[PDB]
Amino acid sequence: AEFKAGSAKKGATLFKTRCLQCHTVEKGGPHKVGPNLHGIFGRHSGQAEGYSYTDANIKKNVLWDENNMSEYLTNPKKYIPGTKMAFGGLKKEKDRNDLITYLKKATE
(Lines of atoms letter the chains of each structure in order from A and count residues from 1; the text may use other names and numbers.)
(Lines give C-alpha, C1' and ligand atoms only; values in the text may rest on other atoms or scores of the structure.)
Protein backbone atom coordinates (compact mmCIF):
# COMPACT_ATOMS: atom_id res chain seq x y z
CA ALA A 1 0.00 0.00 0.00
CA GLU A 2 0.92 3.63 -0.49
CA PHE A 3 -0.74 5.84 2.11
CA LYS A 4 -1.59 9.39 1.03
CA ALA A 5 -2.85 12.02 3.47
CA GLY A 6 -6.63 12.27 3.56
CA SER A 7 -9.40 13.90 5.58
CA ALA A 8 -9.17 13.50 9.35
CA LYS A 9 -12.82 14.58 9.59
CA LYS A 10 -13.99 11.79 7.29
CA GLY A 11 -11.55 9.43 8.98
CA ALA A 12 -13.10 10.16 12.35
CA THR A 13 -16.58 9.26 11.14
CA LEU A 14 -15.23 6.02 9.67
CA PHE A 15 -13.62 5.18 12.95
CA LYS A 16 -16.82 5.96 14.87
CA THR A 17 -18.94 3.67 12.69
CA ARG A 18 -16.49 0.87 11.86
CA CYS A 19 -13.92 0.68 14.70
CA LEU A 20 -15.12 2.31 17.92
CA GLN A 21 -17.31 -0.67 18.80
CA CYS A 22 -14.11 -2.62 19.52
CA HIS A 23 -11.41 0.03 20.05
CA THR A 24 -10.61 3.18 21.96
CA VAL A 25 -7.85 5.57 20.88
CA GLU A 26 -7.09 7.89 23.81
CA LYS A 27 -4.04 7.61 26.08
CA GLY A 28 -5.05 5.48 29.07
CA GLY A 29 -8.24 4.48 27.26
CA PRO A 30 -9.74 1.06 28.03
CA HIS A 31 -9.30 -2.20 26.18
CA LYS A 32 -12.62 -3.51 24.89
CA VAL A 33 -13.06 -6.37 22.47
CA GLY A 34 -9.88 -5.05 20.87
CA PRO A 35 -6.86 -3.24 22.33
CA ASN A 36 -6.67 0.45 23.10
CA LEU A 37 -4.75 1.89 20.12
CA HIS A 38 -2.85 4.77 21.77
CA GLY A 39 0.73 4.82 20.48
CA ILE A 40 0.09 2.13 17.87
CA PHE A 41 2.16 3.81 15.11
CA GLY A 42 5.88 3.29 15.56
CA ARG A 43 5.34 0.32 17.85
CA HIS A 44 5.48 -3.36 17.01
CA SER A 45 2.19 -5.26 16.77
CA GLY A 46 0.82 -7.16 19.76
CA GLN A 47 2.11 -4.86 22.51
CA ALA A 48 -0.74 -2.73 23.92
CA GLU A 49 -0.06 -2.90 27.67
CA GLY A 50 -2.27 -5.43 29.43
CA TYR A 51 -4.14 -6.70 26.37
CA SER A 52 -4.26 -10.42 25.58
CA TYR A 53 -3.47 -10.95 21.91
CA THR A 54 -3.62 -13.95 19.65
CA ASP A 55 -0.40 -15.80 18.96
CA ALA A 56 -0.69 -14.56 15.36
CA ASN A 57 -0.87 -10.86 16.23
CA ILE A 58 2.17 -11.39 18.47
CA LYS A 59 4.16 -13.42 15.93
CA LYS A 60 3.52 -10.87 13.15
CA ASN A 61 5.74 -8.47 15.10
CA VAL A 62 5.33 -5.70 12.59
CA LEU A 63 6.36 -2.10 13.20
CA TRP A 64 3.11 -0.29 12.40
CA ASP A 65 3.35 2.54 9.86
CA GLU A 66 0.86 4.23 7.54
CA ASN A 67 1.51 1.82 4.67
CA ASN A 68 1.34 -1.58 6.34
CA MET A 69 -1.63 -0.27 8.35
CA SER A 70 -3.41 0.43 5.07
CA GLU A 71 -2.63 -3.09 3.92
CA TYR A 72 -3.81 -4.59 7.22
CA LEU A 73 -7.10 -2.66 7.16
CA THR A 74 -7.77 -3.72 3.57
CA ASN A 75 -8.02 -7.31 4.79
CA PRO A 76 -6.94 -8.04 8.36
CA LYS A 77 -6.97 -11.85 8.25
CA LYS A 78 -5.00 -11.87 4.99
CA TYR A 79 -2.28 -9.68 6.55
CA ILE A 80 -2.37 -11.54 9.88
CA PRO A 81 -3.75 -15.07 9.35
CA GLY A 82 -5.06 -16.34 12.68
CA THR A 83 -6.11 -12.90 13.91
CA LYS A 84 -9.26 -12.57 16.00
CA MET A 85 -10.12 -9.11 14.75
CA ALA A 86 -13.54 -9.76 13.23
CA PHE A 87 -13.37 -6.95 10.71
CA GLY A 88 -13.64 -7.65 7.00
CA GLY A 89 -11.67 -4.68 5.75
CA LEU A 90 -12.00 -1.21 4.22
CA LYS A 91 -12.20 -1.78 0.48
CA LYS A 92 -11.83 1.87 -0.61
CA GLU A 93 -8.36 3.42 -0.74
CA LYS A 94 -9.77 6.87 0.05
CA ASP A 95 -11.45 5.38 3.12
CA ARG A 96 -8.19 3.83 4.34
CA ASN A 97 -6.37 7.11 3.77
CA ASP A 98 -9.00 9.10 5.67
CA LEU A 99 -9.12 6.60 8.53
CA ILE A 100 -5.34 6.42 8.88
CA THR A 101 -5.01 10.22 8.72
CA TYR A 102 -7.42 10.37 11.69
CA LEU A 103 -5.85 7.44 13.51
CA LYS A 104 -2.32 8.86 13.29
CA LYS A 105 -3.46 12.04 15.04
CA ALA A 106 -5.89 10.42 17.49
CA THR A 107 -3.42 7.82 18.77
CA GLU A 108 -0.48 10.22 18.98
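Start at 1 with the first residue shown and count on from there.
Between 87-95 and 13-21, which has the higher average C-alpha B-factor in the PDB entry?
So the stretch with the higher mean C-alpha B-factor is 87-95.
Would you mind checking which of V62, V33, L37, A56 has the top Cα temperature factor in the PDB entry?
In the PDB entry, the greatest C-alpha B-factor among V62, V33, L37, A56 is found at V62.
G82, C-alpha B-factor rank within chain (lowest, middle or highest third)
Lowest third - that is where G82 ends up once the chain's C-alpha B-factors are sorted.
If you rank the chain by CA B-factor, which third does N67 end up in: lowest, middle or highest?
As the PDB entry reports it, the C-alpha B-factor of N67 lands in the middle third of its chain.
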